Structure formats: structure tokens, C-alpha cells
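Engineer: this one's experimental. Sequence and coordinates below.
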Amino acid sequence: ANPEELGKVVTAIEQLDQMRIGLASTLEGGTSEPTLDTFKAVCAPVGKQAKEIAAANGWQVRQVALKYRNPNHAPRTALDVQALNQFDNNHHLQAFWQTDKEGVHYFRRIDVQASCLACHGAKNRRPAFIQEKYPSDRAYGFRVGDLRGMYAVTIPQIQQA
Ligand code: HEC
Ligand SMILES: [Cl-]
């Protein structure tokens, strides 16, 4: 890893975050009843873009949450749990990077805004397709200001070129 690369990671992640926020922005939170707008793609393109960034840069990039919708986003390592804990214990902590044998790891917290409650709010108010597409879903019951999860990036110690 080099200076430009570290900065590129911060920027890429922040752009991914602003992208999600942008897609969700058209939706209200206080709406109880079902609406067609909830069939809008909001978070799937975030995951797709994450894969694209990972592949284009030779990084690992992944969303991680204790309460996840997609099983690919579960915590996997002691570091995942440690990072989520750091975010949980310091609400002002937005992001951090850590180095170890595996390489350089950047984590950036994801918080819950009102719009998000359209699909991650009340369990009983989740849009139809969610439950059958995600049978083991846990990404509900959030309130505005909750810790949603985090982005996790690794710049591996050993590259390919
Ligand atoms: C319905 C249109 C949703 C809106 C509004 C929000 N989210 Fe979402 N989220 C939704 C789906 C269908 C998924 C799974 C996508 C996939 O990769 O298969 C998600 C997932 C996330 C994740 C990834 C971690 C996980 O639980 O799998 C995060 C971090 C996340 N959602 C956060 C999030 C935020 C902050 C939102 C408000 C800006 C938000 N989501 C809105 C459906 C919908
Ligand atoms: Cl989505």
C-alpha cells in the first residue's frame, strides 16, 4: 500500500456510502403502509459496486453487519467483531485503519437514517420480496441513529503484481 492508494480507499468507500444514501433518499421513514417505491433497488447495487471496486483494485471490499440481510455480510473474523465493537463504543468514530500480518484494513461505520427504515425498520413492515429472497434476514428493527454495520476493505500484504 502507498499514500495514493490509502486515499483512494477512503474516497471509494465514501462514494459508495453517498451512493446508498442517494438511492434511499427518495423514500420516507414514517410511512407505515406498503408502497411501490420500496421495490426500488437501493442496497444491491452497493454490493455489486463493492465487488467491482474489489476486483478493479486488488482489494477485498465487503459490507459487514451483526444484523445482516445478505449472509455474505456476516462478521467472519475477530477483527470484524473488534471493529464493529469500536464503532459501537464510540459514536463519534467514523472510520479507522489498522495494520496486521494480513495487510492494511480500513473500516467505515454505516449509520441508520430515516429513509433506511423503509426496509430495515419494523419487521412487520418489510417489503414483500425481502422475506423470500432473504429467509434468514436479521436487518430490521433499527431506529434512526443506530449502528447499521460497516464497510471493510483490505489491501493484502501480498499482491499479484
Ligand atoms: C429497500 C428498498 C431498502 C432500503 C430503503 C434500504 N435497504 Fe439496505 N438492504 C436492502 C436489501 C434488499 C439488502 C441486501 C442486499 C444484498 O446485498 O443482497 C440490504 C442490505 C444492506 C446492507 C448490507 C449488510 C446486510 O445486511 O446484508 C447495509 C449496510 C444496508 N442495507 C444499510 C442500509 C442503509 C444505511 C440504508 C439507509 C440509507 C438502507 N440500507 C436502506 C434493502 C433496503
Ligand atoms: Cl436493494
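Structural biologist: Noted; the coordinates are in hand. Numbers count the residues shown, from 1 in each chain. Ligands and ions are numbered 1, 2, ... in the order given.
Engineer: tell me where this structure has strands.
Structural biologist: 60-64, 95-100, 103-111, 147-156 (DSSP state E).
Engineer: need the ones you listed in CSV (columns: distance to residue 53 and mean neighbour count).
Structural biologist: For the C-beta atoms, the positions are set from N, CA and C on the backbone; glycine is no exception. Listed next are these as CSV, based on distance: least, C-beta to C-beta, whole Å; neighbours: other C-beta atoms under 10 Å:
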stretch, distance to residue 53, mean neighbour count
strand 60-64, 5, 20
strand 95-100, 16, 13
strand 103-111, 12, 20
strand 147-156, 8, 21
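Engineer: now tabulate those strands in a markdown table and tack on distance to ligand 1.
Structural biologist: Compiled in a markdown table, these are given as follows (distance: least, C-beta to the nearest ligand atom, whole Å):
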| stretch | distance to ligand 1 |
| --- | --- |
| strand 60-64 | 4 |
| strand 95-100 | 14 |
| strand 103-111 | 5 |
| strand 147-156 | 4 |
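Engineer: out of these, which comes closest to ligand 2?
Structural biologist: strand 60-64 (12.0 Å; C-beta to the ion).
Engineer: any idea how far that closest one is from the chain center?
Structural biologist: Computed by C-alpha atoms, centre = their mean, to the nearest Å, the chain-centroid distance of strand 60-64 equals 8 Å.
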